[PDB]
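The chain below stands alone and is given as structure tokens, in the form deposited in one PDB entry.
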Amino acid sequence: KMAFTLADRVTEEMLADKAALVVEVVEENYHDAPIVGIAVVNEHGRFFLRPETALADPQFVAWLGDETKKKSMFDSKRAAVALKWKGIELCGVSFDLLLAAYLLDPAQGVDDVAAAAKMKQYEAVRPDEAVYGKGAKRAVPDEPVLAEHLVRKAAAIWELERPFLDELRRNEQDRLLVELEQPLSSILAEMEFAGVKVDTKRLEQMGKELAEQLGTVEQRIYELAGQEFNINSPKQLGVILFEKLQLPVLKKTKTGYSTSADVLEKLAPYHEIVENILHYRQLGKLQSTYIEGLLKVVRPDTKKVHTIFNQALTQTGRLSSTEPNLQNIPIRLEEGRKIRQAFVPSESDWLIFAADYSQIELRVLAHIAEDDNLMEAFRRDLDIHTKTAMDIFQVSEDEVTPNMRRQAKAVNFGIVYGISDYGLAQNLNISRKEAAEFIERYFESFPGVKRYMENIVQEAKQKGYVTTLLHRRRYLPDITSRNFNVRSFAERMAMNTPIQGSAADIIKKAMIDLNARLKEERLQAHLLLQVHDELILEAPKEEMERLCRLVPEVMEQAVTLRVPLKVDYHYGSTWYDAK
């Protein structure tokens, strides 16, 4: 039904200087993945090219990489990485539907061109699912469908650039798309593509230290329970824990009896089997998610891992790491921290470098909230948990017990999460009444934070959305809901979001600045991962000395606040040593 030329060769009018492009990749994981077809739509018409003919053509490939040749796209990073794997540069991408959709309403859950399209009531396109099918009946149809399917995506992108930008403007979010997300989209593609090398040996050996330890703990657990059973079944376990051995049921979940770690620790005194099992959850998590996790996704050719960072998914501005998730590798506990030693540099005589912000959320809070005693603390560069423990309890610095500090930590963390008086009482472990005297002690210690927490919920009511520093919206319909629980979750979001979100903003700018700076300074150093509040680079050892001074600087001047930002650095042989 939709008009187009199914082309046999590339012509001089498919190489206009404004054009919607589709480099369709179909597999969810785009690294080293087939490109199934190309669609171009411009001032002249609508064209489909087979990849093998278009990607062999030196004016097309020259057009792909020419930055004065503007392209609109949907999920251009998807596209760029595919083309990167084929040794082809893509540039001059000046509009990205996905990102613009994602900035106008992260809640919309946009994952294809069609959903991007509804937002403007454009229904002249099909959902990818409906052309390709779900999960494991997923195939690429014969060429007639396929070809029509893409020309409709390009045509839409062509047709919708204008309303989105039109709108983005109205929300002051244009600079945030052009100056932030899209440039960042380039950086990330570079990163994903770069890879992160793994010591597969180090990994198969841990891999096998764990299988010894597990089979030991696996027998013992049996020995103790008088029974073999599926220790990984949250069902058979609760038969063994609370049925055969009669243990107190402290907590329940809809299906049955709760077997979470937070519960197994209170049960610990009643029987040996508890702590041995606990140990097992721990080992199991390392073995199954991690040793096996990683050992499955390494390209056994280059021995690297190439995560995809999703840039259009979290509600707050945060990136997200998939296959493998490299934003959740173990750290708090030594047995698991040793995983970080399998991340190595990709070159002989290079090192891993790490830099993180220290208390980015709270500095951001001090800044938005404008609380003097929060700001002042940071201008003093204080130990903020001790400062709060000090303040919520009313005791001098040397007065502070370590149980008093881990409690003010919880209050701090709680406050950013806009936590409930009951909800902190569970977390901590005290009565709900005085758990609220804590909060009330906190808030008279920090008036200005109380005010922001008040005015933000109001400002979310009046307007329907909340806002970060860089103008990133989150819409909050469930703020007026008559359900108390649901209204309350919306409220927490009103408070926590401009914070988690303003941090996400700042770091993403630090990335643009650092990528520019590492270049401006002609350095071989490149970014490897971002993990919410830190950046990870790898560079030749010759370079560490300029980095220790360069990375922290850029990360710290990425924005101007009412308080200053602190970045700590760290470099070593491996991820693990960068500590």
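Here, rigid core means the biggest group of C-alpha atoms that superpose within 1.5 Å across both forms. Numbering starts at 1 and runs along the sequence shown.
Not on display, but discussed next: the form deposited in another entry.
Student: For the set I308, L168, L428, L224, which residue undergoes a C-alpha shift of 2 Å or more between this form and the one not shown, given alignment on the rigid core?
Tutor: Of all the options, the C-alpha that shifts by at least 2 Å belongs to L224.
Student: Once the core is aligned, does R492 move its Cα by at least 2 Å between this form and the one not shown?
Tutor: Superposed on the core, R492 moves its C-alpha less than 2 Å between this form and the one not shown.
Student: Determine, after fitting the two forms on their core, whether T253 shows a C-alpha shift of 2 Å or more between this form and the one not shown.
Tutor: After core superposition, the C-alpha of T253 moves 2 Å or more between this form and the one not shown.
Student: Comparing between this form and the one not shown on the rigid core: C-alpha of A268 shifted by 2 Å or more?
Tutor: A268: C-alpha displaced by 2 Å or more between this form and the one not shown.
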